[PDB]
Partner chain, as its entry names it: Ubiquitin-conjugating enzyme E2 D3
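Here's a solo chain for you in structure tokens, the form deposited without the partner chain.
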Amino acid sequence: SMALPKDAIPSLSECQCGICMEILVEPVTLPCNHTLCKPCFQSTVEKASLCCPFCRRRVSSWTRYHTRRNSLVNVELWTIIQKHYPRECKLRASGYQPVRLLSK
């Protein structure tokens, strides 16, 4: 939801990808300000219909723009996640729903 105050410890639940529920890894923040982990971005966005999976904002030009500049990852957010949940980030780097409405 809102800005994390300076030096505040973020809750785990803010640091989880809202698509896959894993800790956010290499978070990608779309220009509508929704964020998802890079693996989810590749699956649910880059390789699907290039819309934000949260608000359906079109993100095809945004994706070309940043893929070309290798700047997909929100680096400041990624910094903060690894600072506060480093073990979670390591574990990930090691590898009932009535409403199924998000494609692959």
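Positions refer to the first chain, counted from 1.
According to the record, 4 to 9 deposited residues between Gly95 and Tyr96 are left without atomic coordinates. As the entry records it, the average C-alpha temperature factor is higher for 45 to 53, out of 45 to 53 and 26 to 34.
For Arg68, the recorded CA B-factor ranks within the highest third of the chain. Only modelled residues enter the ranking. In this PDB entry, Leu91 carries a Cα temperature factor that places it within the highest third of its chain's modelled residues.
The same protein has a further form, the form deposited with the partner chain bound, not shown here; the description that follows concerns it.
Contact between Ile19 and the partner chain in the deposited bound form is found at the 4.5 Å heavy atom cutoff. The shortest heavy atom separation between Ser43 and the partner chain in the deposited bound form is within 4.5 Å. Residues of 41 to 77 placing a heavy atom within 4.5 Å of the partner chain in the deposited bound form, in sequence order: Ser43, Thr44, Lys47, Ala48, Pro53, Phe54, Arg56.
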